[PDB]
Amino acid sequence: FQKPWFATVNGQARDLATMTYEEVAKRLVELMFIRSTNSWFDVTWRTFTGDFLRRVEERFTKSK
Amino acid sequence: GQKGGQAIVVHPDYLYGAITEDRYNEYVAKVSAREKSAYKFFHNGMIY
């Protein structure tokens with residue numbers, strides 16, 4: 001299928017809950033960022049991955 | 001009603017001294033496997 005299963009690293013089947021924040025971000029760029037044109041296919045997909053990285057910062061930081 | 005009791009509890013790293021590099025490195029990998037699995041279920045079970 002043209003829309004694959006998200007939770008797959010190195011061709012091993014996982015679930016979204018059984019991924020690292022790292023592995024997600026890598027998987028996001030693997031599908032939404034194009035290597036041939038060196039660009040995000042749509043700007044909204046950049047925003048999506050961007051907001052997720054913010055979320056990671058939000059989760060792990062201790063002070064403001 | 002005269003109920004004396006003493007418990008002695010010892011730092012856990014003293015245990016690991018009595019085994020080999022191999023079994024320890026085997027143990028560490030499985031505890032790492034516990035920790036990620038445990039973290040998921042707790043926060044899952046908490047919010048629902």
# chains A, B, ... in the order shown; residues from 1 in each chain; ligands from 1
>>> closest_atom_pairs(of="segment 13-36 of chain A", to="segment 17-41 of chain B", cutoff="12 Å", atoms="only C-alpha atoms", output="Markdown table")
| residue | atom | partner | partner_atom | distance |
| --- | --- | --- | --- | --- |
| A:15 | CA | B:40 | CA | 11.8 |
| A:16 | CA | B:40 | CA | 11.1 |
| A:17 | CA | B:40 | CA | 7.2 |
| A:18 | CA | B:37 | CA | 8.1 |
| A:19 | CA | B:36 | CA | 9.8 |
| A:20 | CA | B:36 | CA | 9.4 |
>>> select_by_dssp(residues="chain A", states="alpha helix (DSSP H)", output="PyMOL selection string")
chain A and resi 21-32+43-60
>>> closest_residue(among="B:8, B:16, B:43, B:48", to="chain A", atoms="only C-alpha atoms")
B:43
>>> atom_distance(atom1="atom CA of residue 7 of chain A", atom2="atom CA of residue 46 of chain A")
19.0 Å
